[PDB]
Each structure stands twice: as C-alpha cells, then as structure tokens.
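Throughout, a chain's letter reflects where its sequence line sits, starting with A, and its residues are numbered from 1.
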4 protein chains.
Amino acid sequence: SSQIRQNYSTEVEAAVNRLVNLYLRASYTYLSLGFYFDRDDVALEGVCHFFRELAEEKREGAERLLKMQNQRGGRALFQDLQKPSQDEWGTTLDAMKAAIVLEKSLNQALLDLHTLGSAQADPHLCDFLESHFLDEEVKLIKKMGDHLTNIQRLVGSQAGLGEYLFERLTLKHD
Amino acid sequence: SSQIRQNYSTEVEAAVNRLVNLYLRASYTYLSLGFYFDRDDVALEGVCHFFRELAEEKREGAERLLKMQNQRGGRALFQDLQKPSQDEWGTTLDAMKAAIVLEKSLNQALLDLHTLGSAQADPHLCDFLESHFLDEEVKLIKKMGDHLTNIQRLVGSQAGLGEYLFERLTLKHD
Amino acid sequence: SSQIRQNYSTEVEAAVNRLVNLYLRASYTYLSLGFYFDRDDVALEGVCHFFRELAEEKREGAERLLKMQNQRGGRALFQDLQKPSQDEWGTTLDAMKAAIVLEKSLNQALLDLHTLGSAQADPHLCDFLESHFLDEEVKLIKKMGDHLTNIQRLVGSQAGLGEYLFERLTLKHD
Amino acid sequence: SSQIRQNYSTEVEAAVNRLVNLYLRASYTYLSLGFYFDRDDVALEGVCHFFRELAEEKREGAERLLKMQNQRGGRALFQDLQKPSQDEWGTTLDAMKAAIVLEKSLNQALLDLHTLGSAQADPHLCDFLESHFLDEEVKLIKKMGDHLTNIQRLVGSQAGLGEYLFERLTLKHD
Ligand SMILES: [Cl-]
Ligand SMILES: [Cl-]
Ligand SMILES: [Cl-]
Ligand SMILES: [Cl-]
Ligand code: NA
Ligand code: NA
Ligand code: NA
Ligand code: NA
C-alpha cells in the first residue's frame, strides 16, 4: 500500500489518472493525424512530421504524470483510450484547427487540476504542473496559432498552392 | 484577434503592459546613471559599467514580458517613457540609494501583478513571474544592499578616497 | 564642470541631445513593430526579426552619440520618449513604408546636425557623423527601398501569398 | 622638385612643418615627464609609463605628418626642438594638468590646420586630420580629464596616499 504518501488527496490522485487518459487520447489523435498526412493522396510530409512529433510529446507528458503519480504514492489506473474523433482530417487548415481545439481542452484540464491542487493545498502538484506542463502548453498553442494565421493567409484563391508552400517552407521535412 | 487566448484576463493584460512601461523606464534611468558616471568630471568607470549593465537587464525584462504577452494572446500597448527623475545623480552613494529605491518599486509592481494573477486564478502568469523575475529581483536588491553597506563604510572622513576605492576594488572595470 | 571641452558649441551639444532622443524614439518604434509581427494573428517571424534588429541598431546609435557627448565634454540630457505613432502596423508593406519614412527623418536630422557642425567649424562632429552614421543610414535606406520594391512586386492579386513568400524567402528567420 | 604635387598649397606645406615641430616638442616634453617620474625620489612607475607611452605616440604622429608631407609633394623642413617648459614636474596632479594644457594646444593646432585646409579647398588634408588626429586627440583629452578627476578626488587630506593609490590602481605598471 503506501509508506510514502503524504499530502496527496484521493481527488488529485483520480484527476491525475484522468489527465493521463486525456494525454494518451491526444497522443492517439496525433498518431492518426500523422498517418493521414502520410497517405499517398494527401502527401504532406512536413504536416505528417509535425503531428507525429506531437504524438510523441503527448505520450511523454502522460509518462511524466504516471512517474509523478508513483512518486507521490498514488496508484496509476488506466482506462480505455477512445479512438480519435475523425478518421480523415481534411486540409492542413482543418487539421491545425482540430489540433488547437484539442490543445485548449488539454490546457483547460491542466488549469482545472491546478485549481484542485490549490484547493487541496498540494504545492508539489501545483509546482509540477507549472514546471513541466503549463508553459509548454502555452508555447505550443502560440506555435499553432502562428501556423493557423500563415495557413489562412495562404488560402487566397489558390488553396492547393498555399497548402504546398506552407508545408515546404514552414514545416520541417527531409 | 485571438485564436489562442485562454485564461488570460483583461486586467492582467493591462497590468503586463504597465509593467513593461515600468521596466523600460527603469532601463532608461539606468542608461542615464551610466552616462553620468562616464562624465569626465565624475569618471568612475566601474560605476558606469554597473548601471549600463542594469539598463540592459531591465530592457531584457521588458522584452520577456512582451514575448509573454504575445504568447498568451494579449496585445502589447506602449506608452510614453518618462524621462528619469534626475539629470545629475550625485555620488556613488546617492546613485546606489536611488537604484535600490527604483528596484523596490519594480519589486512591489512584480508582487502586485502576482497578487492580481493569483486573484484571477492565472497560474501561468504567477509561475512566469516566480521563474524569471522574483528571485532575480531579490538577488539584485541583496547585491545593492551589500554595495550600499560597503560604500557607507568607506565614507569615513575621506569621501573621495572611499569612492575611488569602492569603484576600483569592488566594481568590475577594465 | 569641464576641463576637457574644446571647440564644442552649446548649439551642437543641444542638437546631439535631441538626436539621441530621436534615435531612442526610433528604437522604441522598432520594438513596437517587432512585437506586432510576433502576434499570433500576424505571425511573420522574419519581419519581427528585421524590426527587432533595427531596434537594437538604433539604441546602439543613441549610445554612440551619448559616448561622444561625454568625450567632447558636453552633458547628456534626457527627455521623455514619446510612444510610437501607431499601436498596430498593418501589412508588411505598411510597416516597411513607415520604416523608410522614419529613416528619412533620422537621415535629415543627421544632415541637419552636419550642417550645424559645419557652420560651427566643428570638424570632429562632422567626421563623427560621416564615419558612424551617414553611410550606415544610406545603406539601410537602400535596403528598405529594395525590400519595398520586392514587397510591392508580390502583392499582385494574391496579397497573403506574397506577404508569406517575402517573409520566407527574403527575410532571415529560423 | 615636384612631379606629384597637386592641390597642395604652400600655406598648408608650411603649417604641416610647424605641426611636426609641435608634435616633436610634445614628444620631448613627455620624455622629460616620463624620466622625472622614474627618479628615485619620485618613483611612480605607472606615471612614468603613461608619459613614456605618450612620448612614443606624439613621435608617431609627427612621423605620420612627415610621411603625408612627402606623399603630397611638399618638403619636410625641420626646426630646432625647444626644450620642455619645466625641468621638474611636481606632483602627478601637476603633471596631468600640464599634459592636458599641452594636449589642448596640440588640438587647437590641429583645428587651425583643418581651418586652413578648408579655406584652401584641400579635402585630402582635411580627411587626413579627421582620420588620424582629431578623434585620437579627443579620446586622449577625455582620458586625461578622467584621470585628473580621479587624482583630484584622491588628494583629500592625505595627498601621498592618494598619489600612491592612483598610480597603483589606475595606471598600468609591472
Ligand atoms: Cl469514441
Ligand atoms: Cl516625467
Ligand atoms: Cl506621442
Ligand atoms: Cl625654450
Ligand atoms: Na489555480
Ligand atoms: Na501573491
Ligand atoms: Na553639411
Ligand atoms: Na574647419
């Protein structure tokens, strides 16, 4: 059982398990986005790489949460991972909009857990989120917003040209 | 407008713009202090360098605030920068006293913004200040207090000798 | 007071202080331009970097003037720094037009100070401006004019595409 | 005679020869100052080195003038070098005062030659002085003024202590 647990509420323990589920769901969503942009009839390598890198990032955030759960003496509990919301993700613009929606949902879940931690007087939890999650999320949302603006600027009357150019000249590819 | 802004109050946005103004005013004050100590009739190179380095530090703090404003989806708004409070800054002791007064005013503005952020349940803001500003300010005020004590010890009956020695043996020069 | 001052008119001393104010105002204008292009709803990194680099250049020109003021035995006097003329800067084309207007105003202030120096038979002042300011300004205005022409060529019927391409393929970014 | 001389007035030629004499006189004055501070009953090594370095600098300025005279097709004419104004130079403060008097006299001779060159429409002469002499002189006078202020600050009630400290902690020695 637990010889180490101290100042770690059941409420936080459960909310940490839920947040793990959210991050793993987000990782799965990004795996799907990545492989969609690798289709031969989509073929935007930079976009594929962007989302594959995010899949890895979100899995790593879940892993950090799970490590912390054990450091505090809580017990990891895993639930089913729901499949992503779509099977096909449309244009790069559609995809980047869906991504920022997903990130704002994760960000709100971080803020909600921070609020709970604050209410439970759990400063280690609050510090953990501040130190490893909140700014990383703000930076990522800023990046996505920058991308959305550039994608939107490029639609013009020539959407295919713009989608190609964005992939070639903004996103990282081989 | 804003596709990214989340949990970022208008109150904090405005107070961040005011704090930018305060840091840029402080930078300007230190530019003036630096060039005063470079006058041929003042000629304390170490003192000049101390204050020139602080001008740069304060500008860099303003720049970090402005970067954060954009990361959060707020809008930078610039106001006039008032000129420094003095044209001539007296002795090294007078200057270092004015500097610690200025730093305590910046520190209180940091604390006030932290309080606002706390009241607005904005943990990213609170973390940002804690991580990049509050300890830097405490360390700087401690340094200035150490300097004031050594300057004061050196006045004795021989103020010019003491002011020379402090500049030569404590402050960094070529 | 002054044990060093020689052949340095009160008229030049005052005009040097005014020119410092102009360069610091220009630096502030460029800080504002830079952060505007870093907004998530503007998001032109190359444009942001261009103007941030100019902010630094103009501050450095002010610092050189202030160093010279002290070398000559004049007294630096600082005035309020008025806020930039706009809070939002429009398109890259609008911004680059505003920049060349600002540079031509600085250039005329340089020429005016040169004329004063000439009239005061102050060859050190005249040399100083020729050696550190006049050609730097001519080169910068030429660069801006080259940029304006390329920006203008790119508007065509597809303004967003052109603004993206200019930022990606002419301006320096990561 | 002269196959090369072009746009080089007899007035400038003669004034260049006079300026050579002035620089060589100044060099001789600094040789005397240097050896005075090397006396066993004066013994301020840093002060000795300061003035010995200036002797070399002034000789080098004379040599540059003589090189230029020949480049223009004028004829070097040498006159007697009057001995320095004093045999003993008093305190470091007395010496540094005499040095700034001497430098302001050289500086005025530079400005006077510039005026003549301007009146003779001799832009190569004017450029030569601006490029190799006027700023070097301004920088040197600023340095001397900085030194005088520090020396003066150190007199206090304890002149010998202050003169030692200045030599040890400001001036370059082994
Ligand atoms: Cl489902
Ligand atoms: Cl004011
Ligand atoms: Cl204004
Ligand atoms: Cl004689
Ligand atoms: Na909270
Ligand atoms: Na607080
Ligand atoms: Na002119
Ligand atoms: Na002249």
Engineer: Is any side-chain heavy atom of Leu171(C) closer than 4.5 Å to a side-chain heavy atom of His147(C)?
Structural biologist: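 A side-chain contact under 4.5 Å exists here.
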Engineer: Please test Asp40(B) against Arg75(C) for salt bridge (charged side-chain N to carboxylate O under 4.0 Å, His left out), starting from the C-alpha separation and ending with a verdict.
Structural biologist: CA-CA 10 Å; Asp40(B) 72 274; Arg75(C) 290 298 176 252; 3.1 Å; yes
Engineer: Do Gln71(C) and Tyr8(C) have a side chain donor and acceptor closer than 3.5 Å?
Structural biologist: no
Engineer: Any donor-acceptor pair under 3.5 Å linking the side chain of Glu45(C) with the backbone of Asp174(C)?
Structural biologist: yes
Engineer: Just so I know, are the side chains of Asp38(B) and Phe51(B) near enough to count as touching, which here means a heavy-atom distance under 4.5 Å?
Structural biologist: no
Engineer: Partners of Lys142(C) by side chain to side chain donor-acceptor pair (under 3.5 Å), sequence neighbours excluded?
Structural biologist: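 By the side chain to side chain donor-acceptor pair (under 3.5 Å) rule, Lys142(C) matches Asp146(C).
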Engineer: By side-chain contact (heavy atoms from CB on, under 4.5 Å), which residues pair with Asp127(D), not counting sequence neighbours?
Structural biologist: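 Scan of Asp127(D) (side-chain contact (heavy atoms from CB on, under 4.5 Å), adjacent residues dropped) gives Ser131(D).
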Engineer: Could you measure the distance from the CD atom of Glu60(B) to the CG atom of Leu65(B)? Nearest 0.5 Å is fine.
Structural biologist: 12.5 Å
Engineer: Quick one, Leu154(C) and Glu163(C) - any side-chain contact, counting heavy atoms below 4.5 Å?
Structural biologist: no
Engineer: Could you tell me whether the side chain of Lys83(B) reaches within less than 4.5 Å of the side chain of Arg25(B), counting heavy atoms only?
Structural biologist: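 The answer is no; the side chains never approach within 4.5 Å.
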Engineer: Nearest 0.5 Å, please: how far is CG in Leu134(C) from CG in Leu129(C)?
Structural biologist: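 So the gap between those two atoms works out to 6.0 Å.
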Engineer: Is a side-chain N or O of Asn150(D) found less than 3.5 angstrom from the main chain of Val42(B), in a donor-acceptor match?
Structural biologist: no
Engineer: Calculate, to the nearest 0.5 Å, the distance between atoms OG and CG belonging to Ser118(D) and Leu125(D) respectively.
Structural biologist: 8.5 Å
Engineer: Can you name the side-chain contact (heavy atoms from CB on, under 4.5 Å) partners of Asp135(D), sequence neighbours left out?
Structural biologist: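 Result, side-chain contact (heavy atoms from CB on, under 4.5 Å) vs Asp135(D): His124(C), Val138(D), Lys139(D).
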Engineer: Can you tell me which residue pairs pass the salt bridge (charged side-chain N to carboxylate O under 4.0 Å, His left out) test with a partner in residues 1-19 of chain C, sequence neighbours excluded?
Structural biologist: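 The answer is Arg5(C)-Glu13(C).
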Engineer: Taking the side chain as every heavy atom from C-beta outward, state whether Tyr30(D) and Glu57(D) have any atom pair closer than 4.5 Å.
Structural biologist: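 Sidechains of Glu57(D) and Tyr30(D): no contact.
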Engineer: Between atom CD of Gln82(D) and atom OG1 of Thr29(D), what is the distance when rounded to the nearest 0.5 Å?
Structural biologist: 8.0 Å
Engineer: Do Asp41(B) and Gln3(C) have side-chain N/O donor and acceptor atoms under 3.5 Å apart?
Structural biologist: no
Engineer: Can you establish whether the number of heavy atoms outside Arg52(D) located under 6.0 Å from its atom CZ is more than 12?
Structural biologist: no
Engineer: State yes or no: are the ring centers of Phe37(B) and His49(B) separated by less than 6.0 Å?
Structural biologist: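 No: the rings miss the under 6.0 Å criterion.
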Engineer: Side-chain contact test, heavy atoms from C-beta onward, threshold under 4.5 Å: evaluate it for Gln6(C) versus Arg72(C) and give yes or no.
Structural biologist: no
Engineer: Assess whether atom CD of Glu136(D) is packed by more than 12 heavy atoms of other residues, nucleotides or ligands within 6.0 Å.
Structural biologist: yes
Engineer: Any ring-ring contact (aromatic ring centres under 6.0 Å, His included) pairs touching residues 67-88 of chain C, not counting sequence neighbours?
Structural biologist: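 Counting only pairs at least two positions apart or across chains, the ring-ring contact (aromatic ring centres under 6.0 Å, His included) contacts touching residues 67-88 of chain C are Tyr28(B)-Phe78(C).
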Engineer: Would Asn107(C) and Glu137(C) count as having a side-chain donor-acceptor pair, cut-off 3.5 Å?
Structural biologist: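 Looking only at side-chain atoms, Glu137(C) and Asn107(C) do not form any donor-acceptor pair under 3.5 Å.
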Engineer: Please find out if less than 6.0 Å separates the ring center of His114(C) from that of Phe133(C).
Structural biologist: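 Between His114(C) and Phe133(C), the centre distance exceeds or equals 6.0 Å.
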Engineer: May I ask you to decide if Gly46(C)'s main-chain N or O and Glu167(C)'s side chain share a donor-acceptor pair within less than 3.5 Å?
Structural biologist: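 Between the backbone of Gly46(C) and the side chain of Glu167(C) there is a qualifying donor-acceptor contact (under 3.5 Å).
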Engineer: State the OH-CG distance between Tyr36(C) and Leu44(C), to the nearest 0.5 angstrom.
Structural biologist: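 Reported to 0.5 Å precision, the distance equals 8.5 Å.
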Engineer: Could you tell me whether the side chain of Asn21(B) and the main chain of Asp80(B) form a donor-acceptor pair under 3.5 Å?
Structural biologist: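 The answer is yes, because a donor-acceptor pair under 3.5 Å joins these two groups.
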Engineer: May I ask you to test the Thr170(C)-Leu165(C) pair for a side-chain heavy-atom distance under 4.5 Å?
Structural biologist: no
Engineer: Can any side-chain N or O of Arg59(C) pair as donor or acceptor with the backbone N or O of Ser27(C) at less than 3.5 Å?
Structural biologist: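 No; zero donor-acceptor contacts below 3.5 Å.
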Engineer: Strictly by salt bridge (charged side-chain N to carboxylate O under 4.0 Å, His left out), give each pair with a member in residues 91-104 of chain C just once, sequence neighbours left out.
Structural biologist: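 Matches after skipping sequence neighbours: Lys58(C)-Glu103(C).
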Engineer: Could you tell me if the side chain of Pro123(D) sits less than 4.5 Å from the side chain of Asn7(D), heavy atoms only?
Structural biologist: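 Contact flag for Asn7(D)/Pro123(D) side chains = yes.
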